[PDB]
Amino acid sequence: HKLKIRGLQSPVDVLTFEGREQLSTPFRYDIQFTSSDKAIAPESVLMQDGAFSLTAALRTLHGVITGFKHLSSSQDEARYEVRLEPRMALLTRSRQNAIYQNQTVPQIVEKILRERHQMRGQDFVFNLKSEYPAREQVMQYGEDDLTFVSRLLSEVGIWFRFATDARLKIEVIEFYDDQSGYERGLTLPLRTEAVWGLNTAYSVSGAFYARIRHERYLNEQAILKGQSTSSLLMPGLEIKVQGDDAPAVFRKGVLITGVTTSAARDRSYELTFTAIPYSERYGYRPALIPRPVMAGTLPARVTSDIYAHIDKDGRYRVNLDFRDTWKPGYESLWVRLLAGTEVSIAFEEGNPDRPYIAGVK
Amino acid sequence: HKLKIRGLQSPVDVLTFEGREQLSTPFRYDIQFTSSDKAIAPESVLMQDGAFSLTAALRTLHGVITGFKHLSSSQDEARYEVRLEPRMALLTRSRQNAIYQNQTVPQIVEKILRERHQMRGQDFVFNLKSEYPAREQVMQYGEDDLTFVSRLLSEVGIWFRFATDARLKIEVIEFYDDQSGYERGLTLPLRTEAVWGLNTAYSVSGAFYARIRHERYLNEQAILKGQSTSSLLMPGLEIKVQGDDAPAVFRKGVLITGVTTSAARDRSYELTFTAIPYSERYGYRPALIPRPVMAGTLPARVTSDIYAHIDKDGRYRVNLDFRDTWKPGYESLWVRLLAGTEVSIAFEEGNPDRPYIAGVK
Amino acid sequence: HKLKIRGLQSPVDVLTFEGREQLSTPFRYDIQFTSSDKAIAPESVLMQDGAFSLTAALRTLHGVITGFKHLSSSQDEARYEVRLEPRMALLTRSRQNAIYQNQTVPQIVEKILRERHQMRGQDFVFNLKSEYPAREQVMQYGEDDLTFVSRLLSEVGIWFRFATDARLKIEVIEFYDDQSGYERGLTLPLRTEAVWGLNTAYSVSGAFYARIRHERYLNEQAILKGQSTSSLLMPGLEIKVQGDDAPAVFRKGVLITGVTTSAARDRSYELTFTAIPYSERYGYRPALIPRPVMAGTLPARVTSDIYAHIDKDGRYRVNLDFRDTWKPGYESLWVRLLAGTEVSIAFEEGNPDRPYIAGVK
């Protein structure tokens, strides 16, 4: 196992690591290492590019260094820890309010990626099978970019995984909405690279929304688990098992939804995985991130020059920037004389996408 | 220890178990077992009846199988787990909005039991000492049936336990509101069946509501704990201790509020219990389940033909079904011309039982 | 280690203890002891004064006994536990609604201390460097006194620590807002009293509010940790380390923000500490306690005799006591004919300090 952090002169020798990967969430890897340098400075490491590999060259994680710890010091070395996350994790660092106008969910997501985060088409790709309606207005309020994006994708049942661009040496976010996004198709073993410890758990547009919400129920109705030494095994992969003392579902084919991941100099590579059965009548769907709850009222100013900007439904266009908490040109809201007047905006059942005027101040 | 699941041909041999019982909450038992059948299918087990006994025949838990796990497989056997809960636990599976009209808390609770859950008079029994007022309107909004029912009972300080019908072979919910619901009266031992490890912890209509809320404070002011091998020891039982190296409270008499419960083929039966002192000036009271917080507004339609249905307080009768999220005939609300008109319903301090018109759309 | 609880005849012999101290929060010490008395009664102990010392006389914690446990009994002794907290912790026991009129944050805090809690100038001291504006109205709603006070201090970035009055034998709350509140200046060791196990972690009026919120970001950007046997080491202390195999920050000087603390008869004294670097361009700032979220509306009565109490902004003075949930003379609110009339009070974006009339009942 190797860890390369760009610009770092200090030798990096991997002691131990713990990793977590899961569909529709950015991965996280806490990597311990030793170095002859007993004073690696956080500034040399934080926000730098990082690459973490399993050596045979087998699989690499590309990302940024989010956290840095100096753990201890000996006579001749020091112990350190770094957190390696993809660049997508950095969307948690920005939380501005915005109203997005006439977009589909993907277009909003692509905007958030490209505008605030400088991501560039090589950094992500959409392979959606379904078609997504334009939404008239979509509000982001009191939500970091990651939460906002993940909520929008989950409500409509789009999911993502990370993949590696061999040439560019970067991680790429790939979005999908159906089973044609699954990667086929390894066949392990039981138990060189193999599978073992297999176990199961079972518990008890539109339209569309009813279809997505049913597939999500089916998702959490059947959890498949197991253990492995395969360095190829990853979220997004559809695998099957040789067996044949393995349960029936694992012989049909299972879709890996998650892995927990580990090694040390005296232990080496083992992973536990979560999974769901392959099926032709449902697909993977992420957990629904709850909507923000809009209690109380928002002040706004009616805009125009100077009678009222009012379209063929009335339906004022209202402006709610006062505190630069609003993204530029994303402050304006179409809502149901006077008009430079201050109004109160309320939200039907706390829903940010059902605003109305309450409300004149 | 025996586990019988109705309809199951596969032999069931109990490996290990962990159980939890507590007043005013449905019990939960995770039971591991081995079987010669290396492919018990979830469909043979989920939603089937289950009975779990301590053998001398000593005590049985009746309920349904909620969860199923295949844990591992050997050459000749497989290891499995099931979750055994009473039928009441299944009230968590239904979450419809409803307004209940002119009922007492017990009548509402009985309705929820009988209507949506097919429970039949043998399945539950009320032995209340206090008298409960009819409530004009009571709203269930964004709450599963279990949460709703438990909240209503707790706000008024009614509690329940489970008991066994020997003849019918079923679990029975028994509701009570005072000390005459306690079952008397075992006397253990210290330490064949006995008690040990005794310990204490002390920390720092109406009317009525002040009386209930005081008794609840007294409930959490004095926690009594201990360990036992008695298979008879259960929530709801009032027991006393022989001693006499046991603290004073345990000699007076204690009411068992909860037990955690365990055995294995190489360990056998032990339980830890929580408890409260017997007293004549207070009784058991469950934890208060918080009210749902009504932020924002609910749309409604004023009904009539066609001027307004309006009684001698005005006070419109309003209808808020649009999305079959409302129980049939439970969609209508009496609230303080025009009238097929759409209004906004708001709630005084977020309370679902204080609605008013805000609010004309 | 000695524990004295006022009025207690039963001999107290300290078995083991676990303690937690941290800036801007009341300390907590769970202290186990043995006694020849096999029936110490909770009433002899709860709410009594308690003093806990490290013997050389080295450092004492003064406070009250909040919790009491009888753990076990032998032939000749019994094991007990007590929780020792300062008197400030008792502010969690009172939760009344109140509107404070024309005060600074410190004056409100001093009021809460003196009025409801009988604290007397010897019990606390303010040494603020910054000047704090009078606030016109400040609402406490659905918040215990501790949460309320801590929220107000944190929003403005005031912090506190506890100190001992040698003569009076009491704990004293000391409030500060800058680096001149730090106590200088021990110099340990590495490793009689010393330091070891040093480690770091780094992650990724006004005006004023932007300045406070930036210093708070810097606070959680760099966590310094370590271990020690010093009985002098405490939150509030600025210490430095001899080294010099110790990292650079620890040689500059670090401010102790927190300690976890332990001993036993067979182990004795060790503490882990958290800390932040000394700096001249930022200071310690506590975590921001979130504001209560005001969903729904509050009923109020317009007061006067009898036309309307209305000052030169209009701007009614409104009264919202109905249920003695309001502190005496703290029920009245200045808010934007008729007037003994009942109104509805709403809150702009759920903020308790932005009330307006919605709203006529």
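Cut-offs applied
Residues numbered from 1 in each chain as written, not as in the entry; some residues may be left out. Chains lettered and ligands numbered in written order. Heavy atoms only, no water. Residues with missing side-chain atoms left out of burial classes, pairs and counts. Contact = heavy atoms within 4.5 Å. Buried area = accessible area lost by both parts, 1.4 Å probe. Salt bridge = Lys/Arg side-chain N within 4 Å of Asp/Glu carboxyl O. Polar contact = N/O pair within 3.5 Å; in protein donor to acceptor, adjacent residues only side chain to side chain. Least-squares fit on C-alpha atoms. Pairing = 2+ DSSP bridges. Helix = DSSP H or I, 4+ residues; strand = E, 2+ residues; numbered from the N terminus. Axes fitted to C-alpha atoms, helices over the stretch in contact; angles between N-to-C directions. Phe/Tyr/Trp six-rings, centres within 6.5 Å; stacked < 30°, edge-to-face > 60°. Buried < 20%, exposed > 50% of the residue type's maximum accessible area, 1.4 Å probe, protein only. Domains from an automatic or database assignment.

Caption draft 1: A look at the interface of chain B and chain C. Every contact between the two is made by 17 residues of chain B and, on the other side, 22 residues of chain C. Summed over both partners, the interface of chain B with chain C comes to about 1500 Å²; 55% of that surface belongs to carbon and sulfur atoms. Broken down residue by residue, the surface that chain B buries against chain C is led by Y202, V204 and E349 of chain B, which jointly contribute 41%. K38 of chain C is the partner of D245 of chain B in a salt bridge, and the nearest nitrogen-oxygen pair spans 2.7 Å. Put simply, chain B and chain C have 7 residue pairs in polar contact between them.

Caption draft 2: Main features of the relation of the copies chain B and chain C. Of the two same-sequence chains, chain B is brought onto chain C (RMSD 0.0 Å, axial shift 0.0 Å) by a rotation of 120°. Both copies of the chain, as the preceding transformation shows, are related through a three-fold rotation axis. Among all residues of chain B, the one whose C-alpha sits closest to the rotation axis is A295 of chain B, at a distance of 2.8 Å.

Caption draft 3: How the structure looks around the sheet that holds strand β19 (residues 316-319) of chain A. Residues and elements named next belong to chain A. Pairing is antiparallel across the open sheet formed by 5 strands, whose spatial order is β20-β19-β18-β21-β22. If you trace the sheet from one side to the other, it starts and ends with β20 (332-335) and β22 (355-360), each paired once. Each strand axis lies, on average, 45° off the axis of its neighbour in the sheet, ignoring direction.

Caption draft 4: Region of the structure containing the side chain of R151 of chain B. Relative to the assigned elements, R151 of chain B resides in helix α2 (residues 145-155). In contact with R151 of chain B, other than residues within four places in its own chain, are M139, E143, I289, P290, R291 and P292 of chain B.

Caption draft 5: Focus on the packing of aromatic side chains. Within this structure, the stated rule accounts for 57 aromatic pairs over all chains. Aromatic pair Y182 of chain C and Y278 of chain C: ring centres 5.9 Å apart, planes at 75°, arrangement edge-to-face. The exposure class assigned to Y182 of chain C is buried, which follows from its relative accessible area of 8%. Clustering of aromatic rings is evident, with ring pairs tying together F17, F27, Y29, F52, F124, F126, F160, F162 and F175 of chain A.

Caption draft 6: Up close: the side chain of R59 of chain B. Residues and elements named next belong to chain B. Residue position: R59 is located in strand β5 (residues 59-73). Overall, the relative accessible area of 12% leaves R59 in the buried class. Among the polar contacts made by the side chain of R59, one reaches the main-chain carbonyl oxygen of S231 at a distance of 3.1 Å. Other than its neighbours up to four places away in sequence, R59 contacts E21, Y29, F52, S53, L54, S231, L233, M234 and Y269.

Caption draft 7: The domain arrangement of chain A, seen in detail. Residue and element names in this part refer to chain A. Split by domain assignment, chain A resolves into domain 1 (1-85 + 183-205 + 222-279), domain 2 (86-182), domain 3 (206-221) and domain 4 (297-361). On a C-alpha basis, the centroid separation for the pair domain 2 and domain 3 is 21 Å. Listed per partner, the contact involves 7 residues of domain 2 and 5 residues of domain 3. Roughly 390 Å² of surface becomes buried between domain 2 and domain 3 when both sides are summed, with 46% attributable to carbon and sulfur atoms. Looking only at domain 2, the three residues that lose the most surface to domain 3 are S130, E155 and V156, adding up to 59% of its buried area. Between the two partners, domain 2 and domain 3, sit 0 salt bridges. Linking domain 2 with domain 3 are 2 residue pairs in polar contact.

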